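Novice: start_5.pdb is reproduced below (PDB, C-alpha atoms (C1' of nucleotides)).
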ATOM      1  CA  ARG A  99     -46.806  82.512  -7.775
ATOM      2  CA  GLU A 100     -45.847  84.513 -10.891
ATOM      3  CA  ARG A 101     -42.104  83.997 -11.411
ATOM      4  CA  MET A 102     -41.432  81.260 -13.970
ATOM      5  CA  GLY A 103     -38.350  79.210 -14.775
ATOM      6  CA  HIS A 104     -36.727  78.128 -18.013
ATOM      7  CA  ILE A 105     -34.855  75.021 -19.165
ATOM      8  CA  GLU A 106     -32.244  75.211 -21.933
ATOM      9  CA  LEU A 107     -32.831  72.133 -24.077
ATOM     10  CA  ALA A 108     -29.722  70.379 -25.369
ATOM     11  CA  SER A 109     -31.382  69.961 -28.775
ATOM     12  CA  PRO A 110     -34.460  71.656 -30.258
ATOM     13  CA  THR A 111     -37.749  69.824 -29.742
ATOM     14  CA  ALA A 112     -40.929  70.314 -31.744
ATOM     15  CA  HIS A 113     -44.147  71.494 -30.104
ATOM     16  CA  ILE A 114     -46.685  68.674 -29.905
ATOM     17  CA  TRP A 115     -49.646  71.075 -29.897
ATOM     18  CA  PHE A 116     -48.652  72.564 -33.265
ATOM     19  CA  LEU A 117     -47.863  69.100 -34.683
ATOM     20  CA  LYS A 118     -50.530  66.525 -33.778
ATOM     21  CA  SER A 119     -53.553  68.861 -33.638
ATOM     22  CA  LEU A 120     -55.166  68.218 -37.013
ATOM     23  CA  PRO A 121     -54.585  69.870 -39.409
ATOM     24  CA  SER A 122     -50.835  69.807 -38.701
ATOM     25  CA  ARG A 123     -49.603  73.399 -38.867
ATOM     26  CA  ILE A 124     -45.995  72.374 -39.539
ATOM     27  CA  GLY A 125     -47.005  69.811 -42.155
ATOM     28  CA  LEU A 126     -49.413  72.206 -43.861
ATOM     29  CA  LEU A 127     -46.781  74.961 -43.889
ATOM     30  CA  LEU A 128     -44.033  72.675 -45.227
ATOM     31  CA  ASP A 129     -46.210  71.135 -47.993
ATOM     32  CA  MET A 130     -45.442  67.606 -46.798
ATOM     33  CA  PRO A 131     -47.626  64.854 -45.317
ATOM     34  CA  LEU A 132     -47.834  64.365 -41.570
ATOM     35  CA  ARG A 133     -46.270  60.900 -41.873
ATOM     36  CA  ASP A 134     -43.040  62.312 -43.318
ATOM     37  CA  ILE A 135     -42.948  65.012 -40.631
ATOM     38  CA  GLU A 136     -43.373  62.380 -37.913
ATOM     39  CA  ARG A 137     -40.665  60.205 -39.478
ATOM     40  CA  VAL A 138     -38.100  63.001 -39.729
ATOM     41  CA  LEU A 139     -39.041  64.368 -36.290
ATOM     42  CA  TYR A 140     -38.549  61.062 -34.444
ATOM     43  CA  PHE A 141     -35.280  60.234 -36.256
ATOM     44  CA  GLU A 142     -36.553  57.767 -38.850
ATOM     45  CA  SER A 143     -35.351  59.241 -42.159
ATOM     46  CA  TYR A 144     -33.018  62.019 -43.258
ATOM     47  CA  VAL A 145     -34.469  65.143 -44.850
ATOM     48  CA  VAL A 146     -32.502  67.408 -47.176
ATOM     49  CA  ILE A 147     -32.343  71.127 -46.362
TER      50      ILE A 147
ATOM     51  CA  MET B   1     -25.434  36.752 -41.364
ATOM     52  CA  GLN B   2     -24.854  37.688 -37.730
ATOM     53  CA  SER B   3     -25.651  41.357 -37.143
ATOM     54  CA  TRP B   4     -25.388  43.930 -34.365
ATOM     55  CA  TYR B   5     -28.236  45.537 -32.425
ATOM     56  CA  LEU B   6     -28.484  48.221 -29.749
ATOM     57  CA  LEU B   7     -30.222  47.302 -26.488
ATOM     58  CA  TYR B   8     -31.499  49.542 -23.694
ATOM     59  CA  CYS B   9     -31.136  47.790 -20.337
ATOM     60  CA  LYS B  10     -32.767  48.361 -16.971
ATOM     61  CA  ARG B  11     -31.090  50.495 -14.326
ATOM     62  CA  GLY B  12     -28.475  48.623 -12.313
ATOM     63  CA  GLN B  13     -29.034  45.384 -14.257
ATOM     64  CA  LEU B  14     -26.295  45.663 -16.895
ATOM     65  CA  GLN B  15     -24.308  42.725 -15.506
ATOM     66  CA  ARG B  16     -27.395  40.525 -15.097
ATOM     67  CA  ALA B  17     -28.541  41.305 -18.641
ATOM     68  CA  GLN B  18     -25.040  40.650 -19.982
ATOM     69  CA  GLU B  19     -24.883  37.272 -18.230
ATOM     70  CA  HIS B  20     -28.354  36.330 -19.498
ATOM     71  CA  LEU B  21     -27.366  37.259 -23.060
ATOM     72  CA  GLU B  22     -24.151  35.245 -22.690
ATOM     73  CA  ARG B  23     -26.295  32.285 -21.631
ATOM     74  CA  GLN B  24     -28.134  32.616 -24.966
ATOM     75  CA  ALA B  25     -24.819  32.206 -26.866
ATOM     76  CA  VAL B  26     -24.762  35.724 -28.329
ATOM     77  CA  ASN B  27     -21.960  38.277 -28.490
ATOM     78  CA  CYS B  28     -22.133  41.130 -25.976
ATOM     79  CA  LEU B  29     -20.298  44.451 -25.938
ATOM     80  CA  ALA B  30     -20.237  47.352 -23.475
ATOM     81  CA  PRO B  31     -17.566  50.063 -23.122
ATOM     82  CA  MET B  32     -15.582  50.028 -19.882
ATOM     83  CA  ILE B  33     -13.982  53.094 -18.270
ATOM     84  CA  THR B  34     -11.621  52.952 -15.292
ATOM     85  CA  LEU B  35     -12.372  55.922 -13.027
ATOM     86  CA  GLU B  36     -10.750  56.741  -9.686
ATOM     87  CA  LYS B  37     -13.214  55.894  -6.912
ATOM     88  CA  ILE B  38     -13.268  55.949  -3.112
ATOM     89  CA  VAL B  39     -15.416  53.083  -1.751
ATOM     90  CA  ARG B  40     -14.795  53.613   1.986
ATOM     91  CA  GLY B  41     -11.393  55.244   1.533
ATOM     92  CA  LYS B  42      -9.408  52.812  -0.648
ATOM     93  CA  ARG B  43      -7.786  54.423  -3.690
ATOM     94  CA  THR B  44      -8.260  52.440  -6.909
ATOM     95  CA  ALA B  45     -10.249  52.640 -10.152
ATOM     96  CA  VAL B  46     -13.744  51.217 -10.649
ATOM     97  CA  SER B  47     -15.165  50.058 -13.977
ATOM     98  CA  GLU B  48     -18.054  52.210 -15.191
ATOM     99  CA  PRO B  49     -19.984  51.345 -18.392
ATOM    100  CA  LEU B  50     -19.608  54.206 -20.851
ATOM    101  CA  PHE B  51     -22.941  55.220 -22.370
ATOM    102  CA  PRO B  52     -24.819  53.691 -19.418
ATOM    103  CA  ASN B  53     -27.832  51.430 -19.980
ATOM    104  CA  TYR B  54     -26.597  50.640 -23.504
ATOM    105  CA  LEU B  55     -25.520  47.234 -24.813
ATOM    106  CA  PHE B  56     -24.354  46.087 -28.248
ATOM    107  CA  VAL B  57     -25.491  42.554 -29.070
ATOM    108  CA  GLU B  58     -24.256  40.568 -32.067
ATOM    109  CA  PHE B  59     -26.536  37.661 -32.964
ATOM    110  CA  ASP B  60     -28.614  36.123 -35.752
ATOM    111  CA  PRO B  61     -32.408  36.657 -35.735
ATOM    112  CA  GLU B  62     -32.901  33.300 -37.472
ATOM    113  CA  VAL B  63     -30.917  31.385 -34.837
ATOM    114  CA  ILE B  64     -32.776  33.031 -31.934
ATOM    115  CA  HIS B  65     -35.664  35.467 -32.254
ATOM    116  CA  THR B  66     -35.750  39.152 -31.336
ATOM    117  CA  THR B  67     -38.437  38.866 -28.643
ATOM    118  CA  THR B  68     -36.295  36.261 -26.880
ATOM    119  CA  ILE B  69     -33.592  38.923 -26.561
ATOM    120  CA  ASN B  70     -36.259  41.441 -25.542
ATOM    121  CA  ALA B  71     -37.253  39.170 -22.626
ATOM    122  CA  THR B  72     -33.901  38.059 -21.153
ATOM    123  CA  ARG B  73     -34.911  39.087 -17.600
ATOM    124  CA  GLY B  74     -33.025  42.363 -17.382
ATOM    125  CA  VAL B  75     -33.219  43.921 -20.846
ATOM    126  CA  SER B  76     -35.505  46.953 -20.806
ATOM    127  CA  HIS B  77     -36.167  47.103 -24.565
ATOM    128  CA  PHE B  78     -34.668  47.357 -28.043
ATOM    129  CA  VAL B  79     -33.355  50.638 -29.443
ATOM    130  CA  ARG B  80     -35.676  50.627 -32.455
ATOM    131  CA  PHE B  81     -36.040  53.394 -35.042
ATOM    132  CA  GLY B  82     -39.297  52.664 -36.826
ATOM    133  CA  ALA B  83     -41.191  49.399 -36.760
ATOM    134  CA  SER B  84     -38.108  47.174 -36.999
ATOM    135  CA  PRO B  85     -35.170  47.408 -34.570
ATOM    136  CA  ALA B  86     -32.280  49.575 -35.693
ATOM    137  CA  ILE B  87     -29.129  48.096 -37.235
ATOM    138  CA  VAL B  88     -25.763  49.485 -36.127
ATOM    139  CA  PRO B  89     -23.101  49.335 -38.872
ATOM    140  CA  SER B  90     -19.945  47.326 -38.263
ATOM    141  CA  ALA B  91     -17.856  50.509 -38.511
ATOM    142  CA  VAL B  92     -19.436  51.802 -35.293
ATOM    143  CA  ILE B  93     -18.701  48.454 -33.626
ATOM    144  CA  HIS B  94     -15.058  48.649 -34.713
ATOM    145  CA  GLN B  95     -14.823  52.241 -33.457
ATOM    146  CA  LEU B  96     -16.285  51.279 -30.074
ATOM    147  CA  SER B  97     -13.921  48.312 -29.764
ATOM    148  CA  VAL B  98     -10.765  50.286 -30.554
ATOM    149  CA  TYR B  99     -11.802  53.427 -28.644
ATOM    150  CA  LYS B 100     -10.282  53.579 -25.141
ATOM    151  CA  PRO B 101     -11.064  57.091 -23.813
TER     152      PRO B 101
ATOM    153  CA  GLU C 349     -64.543  34.750 -52.944
ATOM    154  CA  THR C 350     -62.467  34.851 -49.752
ATOM    155  CA  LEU C 351     -60.005  32.398 -51.306
ATOM    156  CA  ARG C 352     -59.794  34.637 -54.378
ATOM    157  CA  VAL C 353     -59.178  37.755 -52.270
ATOM    158  CA  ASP C 354     -56.565  36.062 -50.072
ATOM    159  CA  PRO C 355     -53.086  36.645 -51.576
ATOM    160  CA  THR C 356     -51.333  33.931 -49.574
ATOM    161  CA  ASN C 357     -51.142  30.538 -51.285
ATOM    162  CA  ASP C 358     -49.032  28.453 -48.876
ATOM    163  CA  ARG C 359     -48.677  27.639 -45.194
ATOM    164  CA  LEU C 360     -45.425  29.605 -44.901
ATOM    165  CA  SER C 361     -46.946  32.774 -46.364
ATOM    166  CA  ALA C 362     -50.055  32.456 -44.188
ATOM    167  CA  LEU C 363     -47.945  32.009 -41.049
ATOM    168  CA  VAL C 364     -45.752  34.979 -41.996
ATOM    169  CA  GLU C 365     -48.816  37.171 -42.565
ATOM    170  CA  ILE C 366     -50.368  36.066 -39.264
ATOM    171  CA  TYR C 367     -47.133  36.800 -37.393
ATOM    172  CA  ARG C 368     -46.848  40.222 -39.041
ATOM    173  CA  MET C 369     -50.432  41.059 -38.074
ATOM    174  CA  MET C 370     -50.021  39.809 -34.497
ATOM    175  CA  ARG C 371     -46.563  41.287 -33.776
ATOM    176  CA  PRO C 372     -45.818  44.160 -36.168
ATOM    177  CA  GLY C 373     -42.301  45.534 -36.280
ATOM    178  CA  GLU C 374     -40.467  42.214 -35.926
ATOM    179  CA  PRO C 375     -38.586  40.097 -38.478
ATOM    180  CA  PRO C 376     -40.987  37.396 -39.711
ATOM    181  CA  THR C 377     -39.308  34.001 -39.387
ATOM    182  CA  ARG C 378     -40.904  30.610 -39.968
ATOM    183  CA  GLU C 379     -39.946  29.251 -36.541
ATOM    184  CA  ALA C 380     -41.211  32.332 -34.685
ATOM    185  CA  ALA C 381     -44.457  32.411 -36.676
ATOM    186  CA  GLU C 382     -45.152  28.710 -36.140
ATOM    187  CA  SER C 383     -44.323  28.990 -32.430
ATOM    188  CA  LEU C 384     -46.706  31.933 -32.053
ATOM    189  CA  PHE C 385     -49.491  30.163 -33.949
ATOM    190  CA  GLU C 386     -49.134  26.899 -32.014
ATOM    191  CA  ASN C 387     -48.934  28.746 -28.682
ATOM    192  CA  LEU C 388     -51.840  31.118 -29.369
ATOM    193  CA  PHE C 389     -54.672  28.570 -29.482
ATOM    194  CA  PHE C 390     -53.306  25.038 -28.987
ATOM    195  CA  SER C 391     -51.187  25.735 -25.880
ATOM    196  CA  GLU C 392     -52.789  24.958 -22.525
ATOM    197  CA  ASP C 393     -50.826  27.603 -20.610
ATOM    198  CA  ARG C 394     -51.882  30.492 -22.864
ATOM    199  CA  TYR C 395     -55.253  29.274 -24.199
ATOM    200  CA  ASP C 396     -57.708  27.436 -21.946
ATOM    201  CA  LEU C 397     -61.418  27.077 -22.649
ATOM    202  CA  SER C 398     -63.055  26.460 -19.283
TER     203      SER C 398
ATOM    204  CA  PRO D 246     -44.237  78.763 -10.686
ATOM    205  CA  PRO D 247     -43.855  76.360  -7.745
ATOM    206  CA  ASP D 248     -47.117  77.313  -6.015
ATOM    207  CA  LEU D 249     -48.975  76.344  -9.190
ATOM    208  CA  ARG D 250     -47.656  72.804  -8.541
ATOM    209  CA  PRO D 251     -47.374  72.701  -4.745
ATOM    210  CA  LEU D 252     -46.131  69.820  -2.605
ATOM    211  CA  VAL D 253     -48.839  69.438   0.038
ATOM    212  CA  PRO D 254     -47.472  67.855   3.245
ATOM    213  CA  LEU D 255     -48.898  64.426   4.051
ATOM    214  CA  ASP D 256     -48.391  64.703   7.855
ATOM    215  CA  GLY D 257     -46.323  61.517   7.666
ATOM    216  CA  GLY D 258     -42.874  62.776   6.738
ATOM    217  CA  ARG D 259     -43.581  62.561   2.992
ATOM    218  CA  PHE D 260     -44.963  64.872   0.314
ATOM    219  CA  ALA D 261     -47.500  64.459  -2.488
ATOM    220  CA  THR D 262     -45.642  65.108  -5.739
ATOM    221  CA  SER D 263     -47.865  66.421  -8.523
ATOM    222  CA  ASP D 264     -47.868  65.123 -12.090
ATOM    223  CA  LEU D 265     -46.244  68.323 -13.372
ATOM    224  CA  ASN D 266     -43.292  67.842 -11.019
ATOM    225  CA  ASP D 267     -42.829  64.272 -12.268
ATOM    226  CA  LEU D 268     -42.924  65.366 -15.917
ATOM    227  CA  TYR D 269     -40.485  68.214 -15.243
ATOM    228  CA  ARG D 270     -38.135  65.784 -13.494
ATOM    229  CA  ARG D 271     -38.272  63.436 -16.489
ATOM    230  CA  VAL D 272     -37.549  66.286 -18.910
ATOM    231  CA  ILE D 273     -34.656  67.605 -16.807
ATOM    232  CA  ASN D 274     -33.120  64.142 -16.429
ATOM    233  CA  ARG D 275     -33.384  63.479 -20.168
ATOM    234  CA  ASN D 276     -31.828  66.853 -21.008
ATOM    235  CA  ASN D 277     -28.961  66.303 -18.561
ATOM    236  CA  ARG D 278     -28.303  62.820 -19.949
ATOM    237  CA  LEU D 279     -28.309  64.185 -23.503
ATOM    238  CA  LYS D 280     -25.853  66.929 -22.535
ATOM    239  CA  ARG D 281     -23.561  64.429 -20.804
ATOM    240  CA  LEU D 282     -23.595  62.052 -23.774
ATOM    241  CA  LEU D 283     -22.972  64.898 -26.231
ATOM    242  CA  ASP D 284     -19.987  65.993 -24.137
ATOM    243  CA  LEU D 285     -18.694  62.392 -24.228
ATOM    244  CA  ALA D 286     -18.677  62.188 -28.064
ATOM    245  CA  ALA D 287     -21.248  59.406 -28.174
ATOM    246  CA  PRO D 288     -21.915  57.530 -31.435
ATOM    247  CA  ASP D 289     -24.614  58.793 -33.764
ATOM    248  CA  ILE D 290     -27.080  56.005 -32.952
ATOM    249  CA  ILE D 291     -26.949  56.656 -29.198
ATOM    250  CA  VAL D 292     -27.223  60.428 -29.684
ATOM    251  CA  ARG D 293     -30.243  59.977 -31.961
TER     252      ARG D 293
ATOM    253  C1'  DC E   1     -17.139  41.615  11.156
ATOM    254  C1'  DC E   2     -22.337  40.882   9.813
ATOM    255  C1'  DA E   3     -27.360  42.447  10.100
ATOM    256  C1'  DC E   4     -30.242  46.454   9.325
ATOM    257  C1'  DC E   5     -31.847  51.784   9.204
ATOM    258  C1'  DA E   6     -31.169  55.434   5.424
ATOM    259  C1'  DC E   7     -30.863  57.313   0.380
ATOM    260  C1'  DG E   8     -30.875  59.464  -4.157
ATOM    261  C1'  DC E   9     -31.436  58.812  -9.032
ATOM    262  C1'  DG E  10     -34.443  56.571 -13.813
ATOM    263  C1'  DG E  11     -39.198  55.287 -16.070
ATOM    264  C1'  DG E  12     -44.407  50.024 -18.855
ATOM    265  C1'  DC E  13     -44.430  45.855 -16.251
ATOM    266  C1'  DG E  14     -42.504  42.058 -16.376
ATOM    267  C1'  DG E  15     -40.670  38.467 -18.929
ATOM    268  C1'  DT E  16     -35.671  34.130 -21.628
ATOM    269  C1'  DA E  17     -44.034  36.956 -23.779
ATOM    270  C1'  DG E  18     -47.750  39.152 -23.963
ATOM    271  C1'  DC E  19     -51.274  42.507 -22.167
ATOM    272  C1'  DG E  20     -56.482  45.268 -25.599
ATOM    273  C1'  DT E  21     -61.421  43.470 -26.424
ATOM    274  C1'  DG E  22     -70.385  45.857 -25.281
ATOM    275  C1'  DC E  23     -70.421  54.224 -28.124
ATOM    276  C1'  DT E  24     -71.446  57.614 -31.392
ATOM    277  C1'  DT E  25     -70.278  61.586 -34.209
ATOM    278  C1'  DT E  26     -66.884  64.268 -36.880
ATOM    279  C1'  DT E  27     -62.635  64.897 -39.392
ATOM    280  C1'  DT E  28     -58.701  63.178 -42.028
ATOM    281  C1'  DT E  29     -56.285  59.941 -44.998
ATOM    282  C1'  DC E  30     -55.542  56.328 -48.213
ATOM    283  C1'  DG E  31     -55.887  52.504 -51.549
ATOM    284  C1'  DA E  32     -58.482  51.406 -55.212
ATOM    285  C1'  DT E  33     -60.983  52.369 -59.044
ATOM    286  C1'  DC E  34     -61.860  55.437 -62.641
ATOM    287  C1'  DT E  35     -62.002  58.283 -65.819
ATOM    288  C1'  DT E  36     -60.891  61.459 -68.619
ATOM    289  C1'  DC E  37     -58.126  63.491 -71.126
ATOM    290  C1'  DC E  38     -53.653  65.540 -74.891
TER     291       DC E  38
ATOM    292  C1'  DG F   1     -52.460  55.065 -73.867
ATOM    293  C1'  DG F   2     -50.220  56.366 -69.629
ATOM    294  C1'  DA F   3     -50.552  60.194 -66.099
ATOM    295  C1'  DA F   4     -53.106  63.490 -63.182
ATOM    296  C1'  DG F   5     -57.447  65.010 -61.145
ATOM    297  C1'  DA F   6     -61.898  62.874 -59.142
ATOM    298  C1'  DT F   7     -64.091  60.337 -55.985
ATOM    299  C1'  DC F   8     -65.471  57.068 -53.218
ATOM    300  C1'  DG F   9     -65.943  54.214 -49.876
ATOM    301  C1'  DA F  10     -63.463  52.186 -46.294
ATOM    302  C1'  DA F  11     -60.597  52.684 -42.438
ATOM    303  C1'  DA F  12     -58.253  55.236 -38.711
ATOM    304  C1'  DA F  13     -57.893  58.970 -35.261
ATOM    305  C1'  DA F  14     -59.952  62.648 -32.005
ATOM    306  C1'  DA F  15     -63.618  64.195 -28.764
ATOM    307  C1'  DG F  16     -67.969  64.090 -25.818
ATOM    308  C1'  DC F  17     -70.811  61.982 -22.942
ATOM    309  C1'  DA F  18     -76.081  67.204 -16.934
ATOM    310  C1'  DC F  19     -76.020  69.597 -12.308
ATOM    311  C1'  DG F  20     -75.314  69.896  -7.252
ATOM    312  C1'  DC F  21     -74.432  67.022  -2.610
ATOM    313  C1'  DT F  22     -73.062  62.869   1.052
ATOM    314  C1'  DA F  23     -70.267  58.626   3.068
ATOM    315  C1'  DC F  24     -66.460  54.951   2.904
ATOM    316  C1'  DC F  25     -62.052  52.661   1.093
ATOM    317  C1'  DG F  26     -56.956  52.969  -1.277
ATOM    318  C1'  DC F  27     -52.846  55.824  -2.587
ATOM    319  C1'  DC F  28     -49.733  60.051  -2.843
ATOM    320  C1'  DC F  29     -41.944  56.251  -6.150
ATOM    321  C1'  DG F  30     -38.518  51.397  -6.299
ATOM    322  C1'  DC F  31     -33.588  49.272  -5.629
ATOM    323  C1'  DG F  32     -28.427  49.047  -5.751
ATOM    324  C1'  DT F  33     -25.508  51.580  -2.481
ATOM    325  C1'  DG F  34     -23.762  53.146   2.331
ATOM    326  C1'  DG F  35     -22.998  53.863   7.043
ATOM    327  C1'  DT F  36     -23.784  52.184  11.956
ATOM    328  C1'  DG F  37     -24.823  49.267  15.993
ATOM    329  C1'  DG F  38     -25.427  44.351  18.003
TER     330       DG F  38
ATOM    331  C1'   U G   1     -58.560  70.162   7.050
ATOM    332  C1'   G G   2     -54.963  68.820   0.306
ATOM    333  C1'   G G   3     -55.675  66.064  -3.710
ATOM    334  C1'   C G   4     -57.029  62.228  -6.876
ATOM    335  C1'   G G   5     -59.034  56.800  -8.320
ATOM    336  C1'   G G   6     -62.799  53.259  -7.009
ATOM    337  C1'   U G   7     -67.474  52.091  -4.649
ATOM    338  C1'   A G   8     -72.200  53.197  -2.644
ATOM    339  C1'   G G   9     -76.221  56.677  -1.871
ATOM    340  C1'   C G  10     -79.939  61.553  -2.430
ATOM    341  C1'   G G  11     -82.571  65.146  -5.190
ATOM    342  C1'   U G  12     -84.130  65.716 -10.368
TER     343        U G  12
END
So that I can check it, write out the structure of this file as structure tokens.
Specialist:
Amino acid sequence: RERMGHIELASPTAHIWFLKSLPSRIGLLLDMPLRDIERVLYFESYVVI
Amino acid sequence: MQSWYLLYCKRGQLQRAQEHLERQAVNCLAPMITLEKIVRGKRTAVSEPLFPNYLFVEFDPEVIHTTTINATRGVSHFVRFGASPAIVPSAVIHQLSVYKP
Amino acid sequence: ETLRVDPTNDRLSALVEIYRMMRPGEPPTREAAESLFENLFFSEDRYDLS
Amino acid sequence: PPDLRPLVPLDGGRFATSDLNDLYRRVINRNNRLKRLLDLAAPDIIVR
DNA sequence: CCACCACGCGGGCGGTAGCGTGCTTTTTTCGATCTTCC
DNA sequence: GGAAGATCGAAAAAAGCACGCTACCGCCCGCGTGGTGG
RNA sequence: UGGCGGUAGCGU
């Protein structure tokens, strides 16, 4: 009842709780609108690093 | 004018979807891999579609619409990035055609 | 006033706008837009006032 | 933990799968498919 | 050699499209003015 | 005289909708693939 | 003897 498992994701995935819950923590931290974050997250537009 | 699109097909319906697309007079592409299989103890190679549930369809949206392709009785959906369906460059098509892994 | 506000000034533009509103995310073609408009209200199979 | 998402017997030879089990199965299947396609050198569009 | 009793993997469903459809309050965003200046 | 802050209303998205209790119904994954008996 | 969804009912 207490031992938990873990799954090693092939690629990193963003946390939905820290993304869609307004205000977006990731978007507020990165000084970019939520629309751009959603676009880059779901493979819609490249973002420069 | 004619362009390529990526299509996600239903499970176990790749051949039916391919035949339905061929009936619509569009170009269809799917990688084929020969892999040694058993099938009740006879030793040959079966054809398995590389990148399963993926089809590459060359057609013209003006000639026949996108939703018509989306509803060919066996096509699960379009591989769309954004509002509009994604466009695969011809270089990827050439790579897939020449590649025989 | 509604005519002034409306940007469309032709049947083709109106059909394209209607198709875009009805089915967003698809290439707006004249044949598809006219088929959708004629099948939405004036087709017995899809529209039927009892 | 499994007991947090138990499979209660249905006294008919079947089990009642919870929603969490279904979601975990979907995630595991997607991850395995992604790993297999990455190992196969899939094109960029398919990987994305 | 053919009918029928298991079986273990993907995903909206089904269809050569379209399906939704009688609440109110709070928070966020966005186009459009605007306006106010340096 | 154009650009940046204001703002302003209009639209879009998220969340809540009393407490206990009783009875009934329905359900608790499909389909191409495979082995076995008539 | 475990859950949900729907329906109906009781006390406010």
Novice: Measuring atom to atom with only C-alpha atoms (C1' of nucleotides), identify which of C:388, C:381, C:353, C:362 is nearest to chain E.
Specialist: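 Of C:388, C:381, C:353, C:362, the one nearest chain E, counting only C-alpha atoms (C1' of nucleotides), is C:388.
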Novice: Which residues come within 9 Å of segment 263-280 of chain D, counting all atoms listed in the file, excluding same-chain residues fewer than 5 positions away, as a PyMOL selection string?
Specialist: (chain A and resi 105-109) or (chain D and resi 250-252+285+292) or (chain E and resi 10-11) or (chain F and resi 28)
Novice: Report, in Å with one decimal, the straight-line distance from atom CA of residue 372 of chain C to atom CA of residue 80 of chain B.
Specialist: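 Answer for the atom CA of residue 372 of chain C to atom CA of residue 80 of chain B separation: 12.6 Å.
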Novice: Compute the chain F side of the contact with chain B at 12 Å, counting all atoms listed in the file, and hand it back as a list in words.
Specialist: residues 30, 31, 32, 33, 34 and 35 of chain F
Novice: Which one is closest to chain C: B:16, B:65, B:23, B:10? Count all atoms listed in the file.
Specialist: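 Of the candidates, the smallest distance to chain C is held by B:65.
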Novice: Convert the output of the PyMOL selection byres ((chain F and resi 22) around 8) on the shown file into explicit residues, formatted as a list in words.
Specialist: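 Matching residues under the PyMOL selection byres ((chain F and resi 22) around 8) are residues 21 and 23 of chain F; 9 and 10 of chain G.
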Novice: Selected by the PyMOL selection byres ((chain A and resi 131-145) around 7) in the shown coordinates: which residues, as a PDB file with C-alpha atoms, in the coordinates of the input?
Specialist:
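Written output follows (expr32.pdb):
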ATOM      1  CA  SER A 122     -50.835  69.807 -38.701  1.00  0.00           C
ATOM      2  CA  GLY A 125     -47.005  69.811 -42.155  1.00  0.00           C
ATOM      3  CA  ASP A 129     -46.210  71.135 -47.993  1.00  0.00           C
ATOM      4  CA  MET A 130     -45.442  67.606 -46.798  1.00  0.00           C
ATOM      5  CA  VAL A 146     -32.502  67.408 -47.176  1.00  0.00           C
ATOM      6  CA  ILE A 147     -32.343  71.127 -46.362  1.00  0.00           C
TER       7      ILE A 147
ATOM      8  CA  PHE B  81     -36.040  53.394 -35.042  1.00  0.00           C
ATOM      9  CA  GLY B  82     -39.297  52.664 -36.826  1.00  0.00           C
TER      10      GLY B  82
ATOM     11  CA  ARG D 293     -30.243  59.977 -31.961  1.00  0.00           C
TER      12      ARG D 293
END
Novice: Determine the nearest neighbour of chain F from the options D:282, D:261, D:291, D:253, counting only C-alpha atoms (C1' of nucleotides).
Specialist: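 Of all the options, D:261 lies closest to chain F.
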Novice: Could you tell me which residues the PyMOL selection byres ((chain E and resi 17-23) around 9) grabs in this file, written as a list in words?
Specialist: residues 67, 68 and 71 of chain B; 15 and 24 of chain E
Novice: Atoms to include: C-alpha atoms (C1' of nucleotides). Write the selected residues as a short mmCIF file (atom, residue, chain, number, x, y, z; two decimals), in the frame of the given file.
Specialist:
data_model
loop_
_atom_site.label_atom_id
_atom_site.label_comp_id
_atom_site.auth_asym_id
_atom_site.auth_seq_id
_atom_site.Cartn_x
_atom_site.Cartn_y
_atom_site.Cartn_z
CA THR B 67 -38.44 38.87 -28.64
CA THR B 68 -36.30 36.26 -26.88
CA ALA B 71 -37.25 39.17 -22.63
"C1'" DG E 15 -40.67 38.47 -18.93
"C1'" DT E 24 -71.45 57.61 -31.39
#
Novice: In file coordinates, which residues lie within 10 Å of (-10.6, 55.5, -21.8) using all atoms listed in the file, given as a ChimeraX atom specification?
Specialist: /B:31-35,50,99-101
Novice: So how many Å separate atom CA of residue 281 of chain D and atom CA of residue 52 of chain B, to one decimal?
Specialist: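 Result for atom CA of residue 281 of chain D versus atom CA of residue 52 of chain B: 10.9 Å, one decimal.
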Novice: For chain F, which residue among A:102, A:112, A:120, A:127 is the nearest when counting only C-alpha atoms (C1' of nucleotides)?
Specialist: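 Nearest candidate to chain F out of A:102, A:112, A:120, A:127: A:120.
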Novice: How big is the axis-aligned box around the listed atoms of segment 254-263 of chain D once 5 Å is added on each side, and where is its centre? Give both in Å to one decimal, as JSON.
Specialist:
{"center_x": -45.9, "center_y": 64.7, "center_z": -0.3, "size_x": 16.0, "size_y": 16.3, "size_z": 26.4}
Novice: As an exercise, work out the distance from atom CA of residue 4 of chain B to atom CA of residue 59 of chain B in Å and give it to one decimal place.
Specialist: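 Atom CA of residue 59 of chain B lies at a distance of 6.5 Å from atom CA of residue 4 of chain B.
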Novice: Could you produce a table of the residues of chain B lying within 9 Å of chain C, with the nearest pair of atoms per residue and their separation in Å rounded to one decimal, using all atoms listed in the file, ordered by chain and increasing residue number, as a Markdown table?
Specialist:
| residue | atom | partner | partner_atom | distance |
| --- | --- | --- | --- | --- |
| B:61 | CA | C:375 | CA | 7.6 |
| B:62 | CA | C:377 | CA | 6.7 |
| B:64 | CA | C:380 | CA | 8.9 |
| B:65 | CA | C:380 | CA | 6.8 |
| B:66 | CA | C:374 | CA | 7.3 |
| B:67 | CA | C:374 | CA | 8.3 |
| B:82 | CA | C:373 | CA | 7.8 |
| B:83 | CA | C:373 | CA | 4.0 |
| B:84 | CA | C:373 | CA | 4.6 |
| B:85 | CA | C:374 | CA | 7.5 |
Novice: Counting all atoms listed in the file, collect the residues of chain B whose closest atom lies at most 9 Å from chain D, and write them out as a short mmCIF file (atom, residue, chain, number, x, y, z; two decimals) with C-alpha atoms, in the coordinates of the input.
Specialist:
data_model
loop_
_atom_site.label_atom_id
_atom_site.label_comp_id
_atom_site.auth_asym_id
_atom_site.auth_seq_id
_atom_site.Cartn_x
_atom_site.Cartn_y
_atom_site.Cartn_z
CA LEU B 6 -28.48 48.22 -29.75
CA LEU B 50 -19.61 54.21 -20.85
CA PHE B 51 -22.94 55.22 -22.37
CA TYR B 54 -26.60 50.64 -23.50
CA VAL B 79 -33.35 50.64 -29.44
CA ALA B 86 -32.28 49.58 -35.69
CA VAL B 88 -25.76 49.48 -36.13
CA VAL B 92 -19.44 51.80 -35.29
CA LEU B 96 -16.28 51.28 -30.07
#
